[PDB]
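Take a look at this one chain, the form deposited without the ligand, written out in structure tokens.
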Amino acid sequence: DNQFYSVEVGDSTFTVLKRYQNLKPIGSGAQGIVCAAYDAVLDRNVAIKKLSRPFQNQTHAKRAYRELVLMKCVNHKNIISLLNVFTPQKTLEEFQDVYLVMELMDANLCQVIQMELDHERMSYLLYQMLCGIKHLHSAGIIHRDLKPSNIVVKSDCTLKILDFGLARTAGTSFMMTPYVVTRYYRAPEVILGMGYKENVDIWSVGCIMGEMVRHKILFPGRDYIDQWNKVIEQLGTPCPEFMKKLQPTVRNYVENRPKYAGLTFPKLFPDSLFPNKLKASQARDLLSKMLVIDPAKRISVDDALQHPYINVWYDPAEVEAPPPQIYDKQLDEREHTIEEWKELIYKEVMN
């Protein structure tokens, strides 16, 4: 087309708007390919994600529409946004390809983890994560799968979350490197099948902060049995009132584990790992409130934002910024034929 041009990217071809130049592959998976590009209209770099075979089957089609709907629910500087969405095909009948354009960031938290950070940068990165997470929650989106590889950063110390609401396979994070498995970051209520609420994301933030501090994965379980053990060995055997909430067989498994005292937080995060004396105490205290097995006793997002270690950055405009829409979960249980999903997606793309 006059507006589009084609560029070969390994074994696929990107047909994109002419404003997007110098495309180069930065990530790839069975579910999509991501290129870095220069956006000549904005004079900014951009990430372009081409969905792979979105109409292969009903599942992929529903997933494609859902990704698009999730992106319109949010509008916050600590959450990746959809700068643009397009298709090079000119009618519904020819319609096949969907391209998503998002901000190109510089690294994910895997890179930050190995760095030694002052309290200002540590707390500020955490504060941005929390602002991002609060916004998702206000939009009816609970992430559940937060981890260093789906949190991205820039050299100006800004931070954005990606892959909210996406299956851990259709996400941008899965397509790119470095990558870490989600198992290490999942809350006890998730791995023990108890159901979860908003502060499921606080546990993950705690695991990530813990890893930024220790420069090593907090709970590197080889599987979900190992995962649970690693948690209890370090944090201690949870209270009886927590265990009573468990389903019958898993409750007995958990109750029959040897009883562990668990290490104190000064033991888990010694001064050795921190730079100033009030700030290390404050960080350790925040950690001891996020890394709490029982969600009923775990700190919420609002209280985390109010915590002394984080609160220094508080700006009500960043915290109380409301989402454009609230995600309708009736979408999760909606059925359409592929052709019907395709028309729905097409309308959203041409919107």
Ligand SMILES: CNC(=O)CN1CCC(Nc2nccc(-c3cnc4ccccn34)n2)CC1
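Counting begins at 1, following the sequence as shown. If you superpose the two forms and keep the largest set of C-alpha atoms that fall within 1.5 Å, you have the rigid core.
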ask   = Coordinates for residue 327 lacking in at least a third of the other PDB entries compared?
value = yes
inquiry  = Compared with other deposited entries of this protein, is residue 178 missing coordinates in at least a third of those that cover its neighbours?
reply    = yes
ask   = If you count the residues of the deposited sequence that sit between residue 220 and residue 221 but have no coordinates, do you get none, 1 to 3, 4 to 9, or 10 or more?
value = none
message = Please compare 236-244 with 200-208 and name the stretch with the higher mean C-alpha B-factor in the deposited structure.
response = 236-244
key: Mean Cα B-factor comparison, 283-291 or 60-68, giving the higher one as deposited   = 283-291
request  = From the list 125, 98, 167, 107, select the residue with the highest C-alpha B factor recorded in the entry.
outcome  = 167
query = Highest CA temperature factor in the entry: which of 151, 190, 213, 141?
reply = 213
task = Using the B-factor values recorded in the entry, state whether the Cα atom of residue 313 falls in the lowest, middle or highest third among the modelled residues of its chain.
result = middle
query = Lowest, middle or highest third: where is residue 274 by C-alpha B factor in its chain?
reply = highest
message = Among the modelled residues of this chain, does the Cα B factor of residue 118 put it in the lowest, middle or highest third?
response = highest
inquiry  = Can you tell me whether residue 32 has a C-alpha B-factor in the lowest, middle or highest third compared with the other modelled residues of the same chain?
reply    = middle
ask   = Going by what the PDB entry lists, where does residue 306 fall on CA B-factor within its chain: lowest, middle or highest third?
value = highest
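Not on display, but discussed next: the form solved in complex with the ligand.
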inquiry  = Is this site open or blocked for the ligand? Place it by superposing the surrounding C-alphas onto its pose in the deposited complex, then apply the 2.4 Å backbone/C-beta contact test with a threshold of 3 atoms.
reply    = blocked
query = the ligand isn't shown here, but in the deposited complex which of 106, 93, 120, 116 has a heavy atom within 4.5 Å of it?
reply = 106
key: Sole residue of 102, 79, 235, 126 within 4.5 Å of the ligand in the deposited complex, by heavy atom   = 102
query = Is residue 26 one of the residues lying within 4.5 Å of the ligand in the deposited complex, judged by heavy atom distances?
reply = yes
ask   = According to a 4.5 angstroms non-hydrogen atom cut-off, is residue 162 in contact with the ligand in the deposited complex?
value = yes
message = in the deposited complex, does residue 133 come within 4.5 Å of the ligand, counting heavy atoms only?
response = no
ask   = Is there any non-hydrogen atom of residue 34 lying within 4.5 Å of the ligand in the deposited complex?
value = yes
inquiry  = Looking at heavy atoms inside 4.5 Å, which stretch does the ligand contact in the deposited complex, given the options 293-301, 306-314, 44-52, 280-288?
reply    = 44-52
Entry of 261, 239, 181, 115 that shows, once the rigid core is matched between this form and the one not shown, a C-alpha shift of 2 Å or more = 181
query = Has the Cα of residue 296 moved 2 Å or more between this form and the one not shown, judged after a core fit?
reply = no
ask   = Comparing between this form and the one not shown on the rigid core: C-alpha of residue 59 shifted by 2 Å or more?
value = yes
Residue 28 C-alpha moves between this form and the one not shown by 2 Å or more, core aligned = yes
ask   = If the CA atoms of residue 179 and residue 128 move by 3 Å or more in the deposited complex, do they move toward each other or away, so closer or farther than here?
value = farther
remark   = Cα of residue 211 vs residue 180, shift of 3 Å or more in the deposited complex, relative to this form: the pair sits farther
